Structure formats: C-alpha cells, structure tokens
Amino acid sequence: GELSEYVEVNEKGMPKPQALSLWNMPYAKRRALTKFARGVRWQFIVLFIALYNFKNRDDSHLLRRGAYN
Amino acid sequence: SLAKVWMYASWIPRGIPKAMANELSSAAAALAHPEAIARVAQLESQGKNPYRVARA
Amino acid sequence: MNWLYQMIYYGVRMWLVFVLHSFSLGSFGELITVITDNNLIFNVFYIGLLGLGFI
Amino acid sequence: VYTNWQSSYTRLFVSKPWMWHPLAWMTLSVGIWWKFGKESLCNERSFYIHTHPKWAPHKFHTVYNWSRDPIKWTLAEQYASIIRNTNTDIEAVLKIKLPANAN
Amino acid sequence: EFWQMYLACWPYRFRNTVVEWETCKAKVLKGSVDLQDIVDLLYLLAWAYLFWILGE
Amino acid sequence: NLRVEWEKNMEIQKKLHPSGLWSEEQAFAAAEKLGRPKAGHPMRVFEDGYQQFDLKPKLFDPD
Amino acid sequence: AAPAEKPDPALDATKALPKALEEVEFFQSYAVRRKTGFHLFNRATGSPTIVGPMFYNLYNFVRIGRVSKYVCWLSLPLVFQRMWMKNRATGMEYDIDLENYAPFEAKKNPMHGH
Amino acid sequence: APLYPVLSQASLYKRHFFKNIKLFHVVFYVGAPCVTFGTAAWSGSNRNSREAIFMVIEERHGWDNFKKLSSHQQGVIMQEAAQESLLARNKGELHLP
Amino acid sequence: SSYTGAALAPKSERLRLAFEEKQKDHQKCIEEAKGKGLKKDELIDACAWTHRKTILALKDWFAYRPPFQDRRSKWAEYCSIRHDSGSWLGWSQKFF
C-alpha cells in the first residue's frame, strides 16, 4: 500500500502512523510547524531556484547601454 | 596410439563434405521413388554399378 | 506518466533487440564468410544446405 | 432487422470507441509530424540534414555526393520553373539596400 | 527414370567411396595390384589432374 | 598472397595509398597524371539545416 | 473486494507443453525411414553427427510442399556466382592511378565528406 | 419460394475457391517467390550491387563517359567495379560500416 | 577558447548582413553566367538557387520586427527575462 496523499484513520478520528509518529508533541508546537506549511513542496524549491537566479541574473545588456555609468 | 593421432588429424578434413553427402543421401531416400531405391539395392546385390546402368 | 515511460521503454527495447541481434548475426556471418573465402577448402556447405538454414 | 453494421457506418463508429482509436491515432501521428518533423526535416531550409552521416546515415544508399549535389539542382530546377511561371526578374533582388534599425 | 535413379544412386556412391578407398589401400599395401586396377587408377589420375586444373 | 605482397610493396614505397586510407599526395599525383580534377572539399557544413541537431556546432570564420 | 471466484481450469497451464510436444512428435514421425538406401557419414570417432540424421525429415517435408520446393532453389545459383566473382576479385589487376585517385570506400576521402 | 437472389451452385463452387484459403497457403506460397526474388536474395543483391558499381564508375571513369561507351565495355567496367566492391580491399574485405 | 554567451550583432543587423552575403553570392553567379554568355532563360536555371537564398534571407528580415519600447519590456530587461509585451495571457494567448 502506502498510497500518495492518503491516510487511514482510527476509531478516535486520528491518523494512524504509517512511518513516523508526530502526535505526541503538544498542539502549540504542531500549529507552529504547520501554520506556514502548505500542500505544496516542489514549487517552493523551484521558486528558491528562480530567486537565486534572479539575485544572480545578468545585467551585461544594461552595461552595454550605459545604465551603470 | 598412432591411429588416434591419425583420427584427430584427419577429423577436420574428412568432415567437410560429410554434411552435403548425408544431405544428398537423405534427400535421395526421401524424394526418390522407393522402387528406384529397391532396384539400386538389387543391382548392387548383383555386383553391378547401378549409376553406370542408369547412365547407359 | 509511468504508462508513457513503459511504452517508450519497451518500444525502444524492441527496436534495439531487433536491430542489434540482426546486426550481430549478420556480422558473425560475414566474418565466417571472410574466413572461408580466403580458405576455399572450407568454402563448402559445411553444415548443410537446410541444416544451418532450418536451425 | 436493422443494424448499423449493415445500414449506417456513422452510428456504428459513434457506438464503438475501438473505432475511434485508429482515427485518434492517425490524428495524433499527423500532429506529431506537423509540430516536430515538418519544419525540422521536410522544409527546404532544413532538408540538407538528410546529407548528414550521423543523423541520416545512408539516406541516399551511400554517403551524400556533394560534388554532384542532387538536392541543389532538383530544387533549382523547381525554383526556375516557379520563376518562369511567375515571370519574376532574377536581378531585381540585387537592387535592394536594406536599412538598419539604428540606435 | 534417370532422375530417380540418379537420386537413388547417391547413397550407393557415398557408401562405396570408403569401400573402394579401403580396397585400394589394401591392394597397394599388400601389393596385390593387377592390370585392371592399374587401368582404373590411371583413369582416376587423369580425371583428378583435369579437376586439379579446373580447381586452379 | 601475390596480390597482397604486391600491394604491400607498393604501399611501402608510397606508390599506393595505405589500406583503408585516402592519401593526399598519391591522389593529387594520380589526378595530375590522368589529367582529372583534383580532390577538393565539396561539402558545406554551413548549409541551411545541416548541423542543427549538432550539440557542438562549427563556427564560421573567414581564414 | 472478496468476490470468492472458483478456480477456472482454462486459466491453468497444463496443455501448452503437451501441444508443443505433439507438434514436435508429428514432425519427428516423418523422420521414420527404411533400412534400404540408408547411409550417413558419421564422425571420425564413429559417433553420429547432429544435422546428418535430421535431413531426411526436412526433405520428406520438402517433398510435401507445392511451390517452395520448386522456387526456393532459384536463389542458390547466386551463391556460386559469389563464389566465382570473389575469386575473380582476389587477384584482379587494377590501375594504381585510379586506386589512388578513386579508392572504393576508403577513409578520409573529402569527396565523400570525411 | 425463396424471396432472395438465390445463388447458383457453380457460383458458390467458384467462390469456395477464393474463401477456402488457409493462412499457410498464403504465407509460404507468397514467401517463396518473395524470399527468392526479394530484398534478401536476388532483387536486393542486384539493386545493391548497382549502387556500388555506379559509385565506382562515377569516381573512376565518369557517368557521362560511361554512357558514351558501348554496352559491352559498359558491362566490362561494371563487372570490374562489382569485383572491386565485393572484394572491399579497403574495409579489410568486410562489408561492415 | 570558447564561451556560451550572447549573439554578437543584433537580430536586425544579423539578418541584414546575411541578406548582403546572399546578394553577393547571387551577383557572382549572375556575373559568371553573363561571362559564359547565357541568356535570361538559361540564367534563371543557373542562379535560381542563389535567388531563392536571397529571397529567403529577405523573408527572414521582413518577418522580424525589432521590439517596441514600453514599460513592460524595460521591466523585463531589468529582470533579464524573455518577455512579450503584447500578451495578456502568455503561453495561453496562443489559444485565446
């Protein structure tokens, strides 16, 4: 089994742990971790790559025109 | 012995035509009419060469 | 997507199989013909007319 | 007794996806050629790649004969036929002086 | 008829090649070689020389 | 053996091209002898649509 | 989910190998031959060959054909054509100038491209 | 009193000749001429020896001059070219790339 | 050595120089055909190749419009990205 975006539930309405249990920590810590998490992983990686390439973008075509003189 | 040496020396020469020879023999046994084969056996029993007889 | 991957993979596999096996077989045949053409004692139907072909 | 098998090919085609499959196959193959193989291989600007020994080995049963250049003279005959049908002046193109996108 | 006998005669010929070879060997070693044997061997050598030229 | 010996003896003294290789000097001399055109380089790599699928193309440069 | 289907014998594999062996047995049944006119050159050891004793079957099947047994031999003269032309070419005398100017399938000929 | 266009016995006898074919009756009967006179044996040998022959000719003699010669000398040079190609002295006598 | 970088001349200048080169290659064919003493109908069969090459270079030059200056193109230049300032939808404008 171990399907994607799938999770089983026990009698208490709680998710059963497939690999790792993280329901021992208090609600405050979980809310701190998950308040900023989303249902998206690779888009943030592509965005960080784009931001790195934007910080490191080339501006020679502006140098040729004289915008840095 | 010397006979074994001659065998292992003449194996490769002796066996080059054996395939075609066996092929022709078997194709004769198959395609040829059995009456002709029986006549060949008869003539060979009579001491004659049936190939020369056929040619004649 | 893995359906597409498997389709491409097995198409390429069949192509490679046919091409490479035909080429290898023909290459061995041509090498044998080179060995026998230079040695006409062997340039004979040494296995047989139908035996090799049937096999 | 009525059957589309013997009385209507259209309703038979509509009622059977396994009759739609070959048509979709055909359309997809032609679209693939149109998008990818058309301009890269079949266009006159992209037809000399058939002379390449790596990407088109023995498309002419041999290595391409460049001293002969069959492509050049075939297409030149055809362009000449176009020019004669259109009655265009050969030397009119040489009287042109294109400007430059200054600044 | 000749085609059928030509086919049917191939086994006889391939069988008697070895027989004639062994008898020739025995006659040459024993020395019991006669006039008809000499004539047959000369005919043999003539045809063999012709086929030697042909193979050349 | 006769053929290959003659061919080797001619390859050694440069009267014949080596096995599998087109030699320039012998070909030019044979062209001068037969009065034929010399072997040129008729290919055109910079023709439209020849090295488009080439990852490492060749650059045009008037020498 | 829990359909409880009984085993289907048609989905088993207990007939393919028997059927193939039946076909092979039908093939080998045509290898039966009479003692008269039998000859097979064995190896120098005296042991039989492989292809030798399985030529009668093949040619007994060739006997039963209708078109191939009269057509498939017409490609065989071509073998002797090659046998003869190869020997003609092994020692053919040629002009040195044309071989140096126009060598056949030689490498580094710019007129070819490389 | 059949209301349909009853087909004669002889017409069925003739159609049976056409629809009583088996697979092998097509496969082998059409494969024998095909395998013999096909891209493998005869047509292939002919049409692929021609390419090498005329390559050799146009490299050595020229196609126009070859066209100007007689059919006999044409055949002579063609046979010489066929021998040169079958030999493949430059490929180490091997018809491989 | 070598380097993967920007084109030397602009697209407009590149196409212009290509057309001029094909103009030269066509003029040479025409002058040679005139030296050989060919008529118009023979000159066509001679230099139709270079004529078509010149015409294709001219087509390339005419098809390419150099870009117009505006705020979006300048912002893309600052961002150093290939951007069309005539599209409200991007890749989907092809279908709308």
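Going in written order, the chains are labelled A, B, C, D, E, F, G, H and I, and every chain counts its residues from 1.
Heads up, the rule we're going with is that a residue touches a chain if its C-beta (ideal position, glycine included) is under 8 Å from a C-beta of that chain, and two chains touch if they have at least 3 such contacts.
In summary, the chains found to touch both chain E and chain F are G. Ranked by how close its C-alpha mean sits to the mean of all protein C-alpha atoms, the top chain is C. Looking at which of B-E and C-H shares more C-beta pairs in contact, the answer is the pair B-E.
A straight line joining the Cα centres of chain A and chain H is 66 Å long.
Centre-to-centre, using mean CA coordinates, chain C is 33 Å away from chain F. Between the CA-based centres of chain C and chain I the separation comes to 50 Å, rounded to the whole angstrom.
Put simply, the C-alpha centre of chain A and that of chain C have 54 angstrom between them. In chain C, the residues that reach two or more other chains under the touch definition are 37, 47-51.
Chain contacts: chain B has residues 19, 21-23, 25, 27-29, 31-32, 37, 40 touching two or more partner chains. The residues of chain H that reach two or more other chains are 55, 89-91, listed in rising order.
Considering their complex, residues 37, 40, 43, 47-52, 54-55 of chain C touch chain G.
Of all residues in chain H, only 89-92 touch chain F in the complex they form. Every residue of chain F that touches chain D in the complex is listed here, in rising order: 40, 42-44, 47-53. Note for the complex: chain I touches chain A at residues 6, 77-80. Listing the residues of chain D that touch chain F in their complex gives 40, 43, 45-49, 51-52, 55, 66-67, 69.
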